[PDB]
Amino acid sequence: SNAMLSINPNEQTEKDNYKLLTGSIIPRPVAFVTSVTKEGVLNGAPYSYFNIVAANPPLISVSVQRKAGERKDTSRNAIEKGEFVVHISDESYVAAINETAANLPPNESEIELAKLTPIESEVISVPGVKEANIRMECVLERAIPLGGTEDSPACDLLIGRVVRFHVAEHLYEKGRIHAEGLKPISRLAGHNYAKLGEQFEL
């Protein structure tokens, strides 16, 4: 009736802690993020460690993991350009988003691999993809290295300031977004995802 387990993160592995965090903190919204390399290549990848930071000005966060203490393409590109695009992930293109999640060699475009379509941004110099129903042009407010060791951070928490919103007209009503028309997708544990659940009001 209330059997509770105590679990000490110091007494289990990183993978064990990962499984507990990703299974407990659910559902998670998924940012599909595009960024550009110094060589001009358009990268894209999904990140479920995504949320709002503030509305004044509009600030969002995406935590991008490092590989053995080194920044991933998305973080490197965001810091180098100071710009990136955050797209809302939805049922209409989640198949293509999933295709991007695989590991290409650096400086290969997951966007082109996944048959997605670049669309130039208005304020920033990093394109997004046309397939998204909502996307946000961002400038990088700060990148915060976190976790891991003094010398080898586990991740970089990217704080992005939205400088342009692009919203499908059919989703927009009096400043609000039709959640059931959007059909956002979310991430659970493992390779499980979730569609938007039944709504309720309090």
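Residues carry their position along the shown sequence, with the first being 1.
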Stretch exceeding the other in mean C-alpha B-factor - 163-171, 146-154: 146-154
Of 62-70 and 23-31, the one with larger mean CA B-factor: 62-70
Per the PDB entry, maximal CA B factor within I119, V126, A114, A132: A114
Record-listed C-alpha B factor of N98: chain third: highest
CA B-factor ranking of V85, expressed as a third of its chain: lowest
